[PDB]
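# Structure at a glance
Below, each chain spelled out in residue letters.
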Amino acid sequence: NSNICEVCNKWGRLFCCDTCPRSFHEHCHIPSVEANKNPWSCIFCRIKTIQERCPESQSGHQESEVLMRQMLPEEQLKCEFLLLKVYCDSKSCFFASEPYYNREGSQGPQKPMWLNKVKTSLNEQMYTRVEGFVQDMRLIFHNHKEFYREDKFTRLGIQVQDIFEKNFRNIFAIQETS
Ligand SMILES: [Zn+2]
Ligand SMILES: [Zn+2]
Ligand SMILES: [Zn+2]
């Protein structure tokens, strides 16, 4: 197994996947690494299994259809993984914890949002459809863009949104288009 966390790339108290060589800090994995379970398989393995059990699940889909799906176990898992993939980028640090807004010439967003809050929302099963998760995720970046205006810091929002969007298309097998 790896000697660094797959998500944050740091050493520490790691839990090792029994079916691939990845390792995690307890709360870097999503969901948090489970108390018992020997063997244990990580979220990357669990996602791979879904794909292998139903190969047709990789045929192209329409986003509009994906968003209306109910958060049954498999969609719940996919959203957890997508969230994990965002945390895997180090630029996610800017969006992890609760922000605040005091900048000359700008007003804070009406509805602040941050990755840890989405993380709690997933854990507490507060989303009934994929749409709920995806709306909150996209809200994070949109609030950032709007607040930082012409400051070049706006680009961090663009960059992390691009990570989100690419992984969304991959994980939910969105039909490729130009
Ligand atoms: Zn970690
Ligand atoms: Zn694994
Ligand atoms: Zn089948």
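Residues numbered from 1 in each chain as written, not as in the entry; some residues may be left out. Chains lettered and ligands numbered in written order. Heavy atoms only, no water. Residues with missing side-chain atoms left out of burial classes, pairs and counts.

For this deposited structure, the header cites X-ray crystallography as the method used and 1.9800 Å as the resolution.

Further remarks concern the packing of aromatic side chains. Overall, the coordinates contain 12 aromatic pairs when judged by the stated rule. Ring geometry for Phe95 against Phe141: centres 5.5 Å apart, planes inclined by 80°, an arrangement best described as edge-to-face. One end of the pair, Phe95, is in helix 4 (residues 93-96); the other, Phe141, is in helix 6 (residues 130-148), with 46 residues separating them in the sequence. Summarising the burial analysis for this pair, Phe95 and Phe141 share the class buried. When the ring of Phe168 is compared with that of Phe172, the centres are 5.3 Å apart and the planes differ by 40°; the resulting orientation is tilted. With respect to class, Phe168 is no different from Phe172; both count as buried. Grouping aromatic residues by their ring pairs yields a cluster made of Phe94, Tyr101, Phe147, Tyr148 and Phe153. (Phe/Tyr/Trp six-rings, centres within 6.5 Å; stacked < 30°, edge-to-face > 60°. Helix = DSSP H or I, 4+ residues; strand = E, 2+ residues; numbered from the N terminus. Buried < 20%, exposed > 50% of the residue type's maximum accessible area, 1.4 Å probe, protein only.)

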